[PDB]
Amino acid sequence: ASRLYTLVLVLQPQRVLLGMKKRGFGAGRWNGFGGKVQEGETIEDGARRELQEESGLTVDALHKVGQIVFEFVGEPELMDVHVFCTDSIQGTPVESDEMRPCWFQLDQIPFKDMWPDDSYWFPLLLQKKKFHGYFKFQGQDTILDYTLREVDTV
Ligand SMILES: Nc1nc2ncccc2[nH]1
């Protein structure tokens with residue numbers, strides 16, 4: 001009972017791009033760029049597509065850095081989120097009716113205004129570590145339990 005999603009982080013040596021979602025699931029929080037994987041499309045092709053649709057950027061090189069499963073108590077579907085980091089990008093981030101992009105210095109990540117799980121696995125992403133995670137949520141603000149382990153292969 002799971003559904004595939006992608007999440008792409010545009011990470012450069014001194015800064016990371018995040019986008020403030022203006023409506024829908026997760027509105028009001030800074031996040032990477034992603035969404036559901038479609039029929040007939042590979043997970044990586046979906047990550048590339050979602051980055052363009054949501055940020056206006058075109059990614060050359062992409063690589064997998066994590067997989068995180070989210071459970072929301074009372075909701076049947078688990079979110080199976082495949083996390084990617086960019087290595088090269090083209091274009092300028094585009095503000096739209098759906099998303100407001102901003103670059104953040106690496107020591108100024110706005111964790112108070114992000115999903116609470118990001119405080120756990122973003123430090124790994126920043127240090128170029130790969131990870132498998134699982135977070136059980138009650139509502140959208142409370143982590144009931146979690147597991148997070150570094151791995152060599154996502
Ligand atoms: N970055 C990020 N964290 C999340 N936690 C739960 C659901 C979606 C999420 N996107």
Side-chain angles (χ1 to χ4, degrees), residues 1-2 4-12 15-20 22 24-35 37-38 41 43-57 59 62-63 65-74 76-87 89 93-97 99-106 108-111 113-127 131-148 150-151 154:
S2 66
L4 289 170
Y5 295 76
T6 55
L7 183 58
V8 172
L9 280 305
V10 178
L11 179 58
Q12 295 185 333
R15 60 180 193 173
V16 66
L17 185 66
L18 300 168
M20 162 63 61
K22 298 190 200 178
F25 183 74
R29 285 166 162 170
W30 300 100
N31 206 345
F33 306 101
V37 180
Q38 306 182 347
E41 145 183 279
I43 295 177
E44 173 172 338
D45 283 342
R48 196 179 299 273
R49 173 183 55 77
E50 285 292 349
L51 179 65
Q52 162 59 51
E53 291 184 0
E54 284 217 311
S55 75
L57 299 179
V59 57
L62 212 49
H63 66 271
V65 295
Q67 175 175 1
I68 309 170
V69 170
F70 295 108
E71 179 193 338
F72 292 86
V73 290
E77 204 163 79
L78 303 176
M79 308 175 56
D80 182 11
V81 180
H82 292 247
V83 184
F84 297 80
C85 274
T86 61
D87 309 298
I89 57 160
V94 174
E95 174 170 5
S96 65
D97 71 324
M99 198 78 76
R100 169 171 70 96
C102 277
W103 289 102
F104 292 87
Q105 301 291 290
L106 298 190
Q108 289 261 84
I109 313 287
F111 287 113
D113 285 315
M114 297 163 71
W115 281 92
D117 53 282
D118 296 16
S119 297
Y120 291 95
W121 55 266
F122 253 75
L124 307 176
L125 184 131
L126 292 182
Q127 289 182 343
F131 52 87
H132 283 178
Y134 162 83
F135 294 84
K136 184 184 276 171
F137 271 85
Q138 186 189 266
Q140 297 199 344
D141 302 340
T142 300
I143 297 168
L144 301 173
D145 54 81
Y146 80 101
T147 63
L148 182 62
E150 289 176 27
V151 296
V154 181

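One is the number of the first residue; the rest follow in order along the sequence. In each ligand, atom 1 is the first atom listed, and ligand 1 is the first ligand listed. Every heavy atom of this structure was used, including side-chain atoms; hydrogens, water molecules and symmetry mates were not.
Among all protein heavy atoms, the one lying closest to atom 10 (N) of ligand 1 is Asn31 ND2, 3.0 Å.
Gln67 places no side-chain N or O within donor-acceptor distance of the main-chain N or O of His132, the cut-off being under 3.5 Å. Under a 3.5 Å cut-off, the side chain of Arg29 and the backbone N or O of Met20 do not form any donor-acceptor pair. Checked by atom type and distance alone, the side chain of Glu41 pairs as donor or acceptor with a backbone atom of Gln38 at under 3.5 Å.
Atom CD of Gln140 is surrounded by more than 12 heavy atoms from other residues, nucleotides or ligands within 6.0 Å.
Residue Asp118 has at least one N or O atom closer than 3.5 Å to an N or O atom of ligand 1.
Close contacts between ligand 1 and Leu7 involve ligand atoms 1 (N) [criterion: under 4.0 Å to a heavy atom]. Under a 4.0 Å criterion applied to the non-hydrogen atoms of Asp117, ligand 1 contributes the atoms 3 (N), 4 (C), 5 (N), 6 (C).
Heavy atoms of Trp121 come nearer than 4.0 angstrom to ligand 1 in at least one pair.
Looking at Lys22 and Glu95, a side-chain N of the basic residue comes within less than 4.0 Å of a carboxylate O on the acidic one, giving a salt bridge.
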